[PDB]
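Residue numbers (the deposited numbering), protein chains in the order written: chain E, 22 to 58; chain b, 20 to 145, 157 to 283, 316 to 365; chain a, 20 to 145, 157 to 283, 316 to 365; chain z, 20 to 145, 157 to 283, 316 to 365; chain c, 74 to 145; chain AL, 157 to 208.
Just below is one structure, and these are the notes that go with it.
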Amino acid sequence: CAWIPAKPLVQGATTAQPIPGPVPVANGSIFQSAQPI
Amino acid sequence: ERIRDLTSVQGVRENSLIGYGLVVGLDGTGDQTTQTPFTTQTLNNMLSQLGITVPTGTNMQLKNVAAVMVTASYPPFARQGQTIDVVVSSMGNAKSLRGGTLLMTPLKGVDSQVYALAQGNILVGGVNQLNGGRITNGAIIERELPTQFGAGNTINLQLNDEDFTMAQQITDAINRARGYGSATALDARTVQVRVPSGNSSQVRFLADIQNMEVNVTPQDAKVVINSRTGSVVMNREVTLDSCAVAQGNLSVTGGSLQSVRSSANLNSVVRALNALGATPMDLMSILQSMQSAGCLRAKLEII
Amino acid sequence: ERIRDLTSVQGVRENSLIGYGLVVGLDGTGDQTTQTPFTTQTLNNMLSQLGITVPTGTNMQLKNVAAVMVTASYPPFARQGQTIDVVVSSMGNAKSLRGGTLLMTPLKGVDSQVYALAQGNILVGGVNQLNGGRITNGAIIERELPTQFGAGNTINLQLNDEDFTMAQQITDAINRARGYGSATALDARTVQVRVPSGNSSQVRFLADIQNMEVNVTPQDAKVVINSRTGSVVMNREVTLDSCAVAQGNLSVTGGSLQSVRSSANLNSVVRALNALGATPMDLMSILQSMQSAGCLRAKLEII
Amino acid sequence: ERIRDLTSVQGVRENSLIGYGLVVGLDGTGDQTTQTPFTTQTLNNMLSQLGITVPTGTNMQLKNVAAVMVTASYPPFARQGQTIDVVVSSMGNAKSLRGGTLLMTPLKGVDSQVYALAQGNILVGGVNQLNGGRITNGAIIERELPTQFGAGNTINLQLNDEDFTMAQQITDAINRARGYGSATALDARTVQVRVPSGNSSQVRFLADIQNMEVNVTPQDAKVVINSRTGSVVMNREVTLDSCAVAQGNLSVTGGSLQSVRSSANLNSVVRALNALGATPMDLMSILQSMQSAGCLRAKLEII
Amino acid sequence: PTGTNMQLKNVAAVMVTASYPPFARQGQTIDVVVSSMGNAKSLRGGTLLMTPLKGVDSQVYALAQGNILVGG
Amino acid sequence: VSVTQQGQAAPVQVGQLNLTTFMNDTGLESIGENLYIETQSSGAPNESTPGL
């Protein structure tokens, strides 16, 4: 009964890896913005 | 020596650096440290870094230490070892920073990276501001920014003020001085200049371009009004149209309606407006009403 | 003797050293030690190091001891045994350091390593700051920094102020003095110089370069305004454009609108602005309004 | 007699010694010993060493004893039996050390080893500091430091101030006086000198080198500002550029904007700045603003 | 720490307004207006810290930092 | 000064309240709110454990 395989309520991965940031542009500014949405 | 005063070079820009620090050596005019817990917290952090561990439960009431924020400008083409000026501003309930000293302060950029280290003695005027000071050569540059200068054959001169006429004048001056297709105009603010490939050649080209003389064409008529400081400034292009003006406690030097003549140059405008006998605060309302009516042939900007 | 005043040599830079110490010998003007537990804690640490163990539960109320922070500058090419000046600043609720003595203080770098040891007598002016002092030759250098000077055939002169014209002038002067390809320009701030391999040869080259004379080309027009100290400074490149100015309680010496003539040099600008009869605090607002309008042909920087 | 005033010899350096002691013979101006338990603890230690055991539970309220810290300098090539001066500074709540006597005090080094023993009578000025004093020949040297002097054929002269020109001048003077390859320059601060192997020969070489005369080349322009003491010092290399200066309550001797002429030497700079009629505290702000603008062609250092 | 009483006197929360010019390019400088927001008494000798200037689309178009000039 | 803590079966010692004794008690200068400052006629405050 308790050994029957079941699908959990929250399926899939429960964590996400951070994506490394974009390469900064060689313009002489410290402020670098990611691709805006 | 006018092009260097009218434009800026693309990629040659300044950045802003910020940081937190402690200022010591005050004559009992520092933080109260009872309403500013971060002062004592960061002093304990510094002492722990230096090897002294003050027990967590202890009352520390200082008088010669103030928590301050340090601001600096990262110059173009900054190199490590170079020194820059910094501004030191108190953050909470401090009374003065007259003879203080700024301890080791890392100056972070927008990307939260250390670009300079600040440490020095504050100079405070002493009617004068007591909670703000400046340290000349107070910060040493520690990081360098990559740049694209010297790469490619195109560099953009960016005008401080947008003007198609001024852009065309700068383009024509560069073409008159350094060949046919040396400079082209992209918009009212940007002039594209062709330069030889390399670093030294582009420096030579920019050195010749920067000190060039360009005759400034007449700008747009503009009247700047500052109500917070109570000032009015009119440039040389302001003209007037004939119309009648009335305002409280102002009369002909007689009737309350005073004629204002049609004026072509700035001297005529000044004479016509001084004939009104108006205080500058009254002149602000008069000018706004005349702009609404249409006598003032200028752009009225309130700053 | 101008190149040494306009540039700095790459790798020849100064570092900052910080440390903690105790100042003794005060005339009852030291820490209260009830609001500054670290003073008594570090005094007990010093006594324990010297062989005296004060019991943990004991009330110590001192009057001749102050906890201080010591700041110093690590010079270029510093060698052990050399002496440097230090600044001593009180940290909490101390009243004066007039006749104090600084005990053995290790001066740490950014990497938290001891580079100098500080000990000496403080000199305090005595309107004068009482919680800050200076000790000449107060710290002896203990560690030396490795450097790359003498290696390679390239050394960079870094200009204090970025300028393509000044960089080109320095490059041309070096090329005019010491051969064709002796110096090249990399950007508005850096000039690369070719030197022979070795240590003595590079010292000779730098000795010849440093005292060279370079005629300074005209910089950018700039008006520096310090509102905290109430000062205005205008360089020789500032010009004016004709326009009308009005401000509170200022009038023609008559009407509130005063004409300002077109000015080419600095003497004309000074005469035109003095004709306004403006206090420097009023002159600050006037200058900002004129920069907004466009009469002021200069870069207005508030410091 | 200039080389000895411009450089220091490698290995010929001074160290710092510290120690703890008791000062007796005061006229009721010693420690209260109720807020300073270490005074009574160390007095009991001394009595126990001398053969007197005071019971642990006993109230000792002294008035003629003060706990003091003793500082001294270990000279180069110090030998046991030699005497040095010491500084004696009170540590807690003592009132005066006017006629006190310092008991046997071991002076420890950084390595916590005894290098001298201090005992003598304090001289206190008596506006004068009362809690600090000096004892001439107050400490006898007990330990000697090994050194490498006399070994090898190389000795380094270390300049007090870094300068490529001064290093080259010293090298050229030594080469002009004592053969072709007698001295070489390693960096802006160090000059390497070849000496014969041995002790007496190197002493002779250093004796000839030390009193040599070297013409000092002009240094970097520098303006030193001390806000804590209210002083300004300008060296002979400071020049000025023409520009306008305005500051509160300062006017033409007229308008608030005063012209400052281009100045080449120091006398011209002094005349131009005295024409402003500025108090030194006002002169500090004026100089900082002019450095920001660019008129001041000097390095502004706040100490 | 979250539970702590902070009573400051030298800090004021301000709103910064600016104009984005035609054909504006990165690296160019513009003037800003700084206005207090609540129960502050004066901003005579203050300094504006790093302030991102957003547009209508809530995107950063400029960064503001400098010394304020107040008539007085 | 001892304080009892819950669970702990032994009081914890916090501190000793020390009494100050003067050799001339009448010469103290009354500040007002039930406080006395030492005076040249009542100098040398002796801090002692109470009872000794």
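The beta-carbon is built from N, C-alpha and C at its ideal position, and this holds for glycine as well.
Residue i: first and last residue of the uninterrupted alpha helix (DSSP H) it sits in
i, result
"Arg234(a)", "230-240"
"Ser67(a)", "56-69"
"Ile22(b)", "22-25"
"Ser330(z)", "328-336"
Contact with chain c by residue i, beta-carbon distance below 8 Å
i, result
"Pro45(E)", "no"
"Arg32(b)", "yes"
"residue 149(a)", "In the model as presented, chain a runs from 145 straight to 157, which leaves residue 149(a) without coordinates."
"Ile141(b)", "no"
Segment limits, beta strand (DSSP E) that includes residue i
i, result
"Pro342(a)", "Segment 342-355 is the alpha helix (DSSP H) holding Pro342(a); no beta strand (DSSP E) there."
"residue 292(b)", "Since chain b is numbered 283 and then 316, with no step between, residue 292(b) has no place in the structure shown."
"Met264(a)", "261-264"
"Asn245(z)", "From DSSP, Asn245(z) is part of no beta strand (DSSP E); its letter is neither H nor E."
"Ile200(z)", "It is not in any beta strand (DSSP E) - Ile200(z) instead sits in the alpha helix (DSSP H) that spans 194-208."
"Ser321(a)", "320-322"
"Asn48(E)", "Element bounds for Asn48(E): n/a, residue is neither H nor E."
"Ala215(b)", "213-215"
"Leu175(AL)", "175-177"
"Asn202(AL)", "202-204"
Min CB distance residue i to chain a below 8 Å
i, result
"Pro342(b)", "yes"
"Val263(b)", "yes"
"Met242(z)", "no"
"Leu335(b)", "yes"
"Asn229(b)", "yes"
"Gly162(b)", "yes"
"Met65(z)", "no"
"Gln101(b)", "yes"
Cβ of residue i within 8 Å of any chain b Cβ
i, result
"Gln138(c)", "yes"
"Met110(c)", "no"
"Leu345(z)", "no"
"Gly145(z)", "no"
"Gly128(c)", "no"
"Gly339(a)", "no"
"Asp104(a)", "no"
"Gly47(z)", "no"
"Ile40(E)", "no"
Reduced DSSP secondary structure (H/G/I, E/B, other) of residue i
i, result
"residue 152(b)", "Residue 152(b) cannot be placed in this structure, since chain b goes from 145 to 157 without the numbers between."
"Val157(b)", "coil"
"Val42(b)", "strand"
"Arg164(z)", "strand"
"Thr269(b)", "strand"
"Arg258(a)", "coil"
"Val28(a)", "strand"
"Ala360(a)", "coil"
"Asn34(b)", "strand"
"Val253(b)", "strand"
"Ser325(z)", "strand"
"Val168(AL)", "strand"
"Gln277(a)", "strand"
Short CB-CB distance (under 8 Å) between residue i and chain z
i, result
"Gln54(a)", "no"
"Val282(a)", "no"
- Task: Please name the residues in the stretch 75-98 of chain c whose beta-carbon is closer than 9 Å to at least one beta-carbon of chain b, in chain order.
- Result: Under the 9 Å Cβ criterion, the stretch 75-98 of chain c contributes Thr77, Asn78, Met79, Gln80, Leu81, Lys82, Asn83, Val84, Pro94, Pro95, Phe96, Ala97, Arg98.
- Query: Can you list, in chain order, the stretches of the beta strand (DSSP E) that have 3 or more residues and sit fully within the stretch 73-138 of chain b?
  - Reply: 84-93, 102-109, 120-127
- Item | Interface positions of the stretch 235-260 of chain a facing chain z (Cβ-Cβ less than 7 Å), listed along the chain | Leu236, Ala237, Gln240, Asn241, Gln249, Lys252, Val254, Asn256, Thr259, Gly260
- Item | Residues, ordered as in the chain, of the stretch 115-126 of chain c that lie near chain b by beta-carbon distance below 8 Å | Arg117, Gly118, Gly119, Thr120, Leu122, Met123
- Task: Check each residue of the stretch 165-183 of chain z: if its Cβ is closer than 7 Å to any Cβ of chain a, include it; give the result in chain order.
- Result: Of all residues in the stretch 165-183 of chain z, none places a beta-carbon less than 7 Å from a beta-carbon of chain a.
- Query: the stretch 203-219 of chain b: which residues have C-beta closer than 8 Å to a C-beta of chain c, in chain order?
  - Reply: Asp217, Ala218, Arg219
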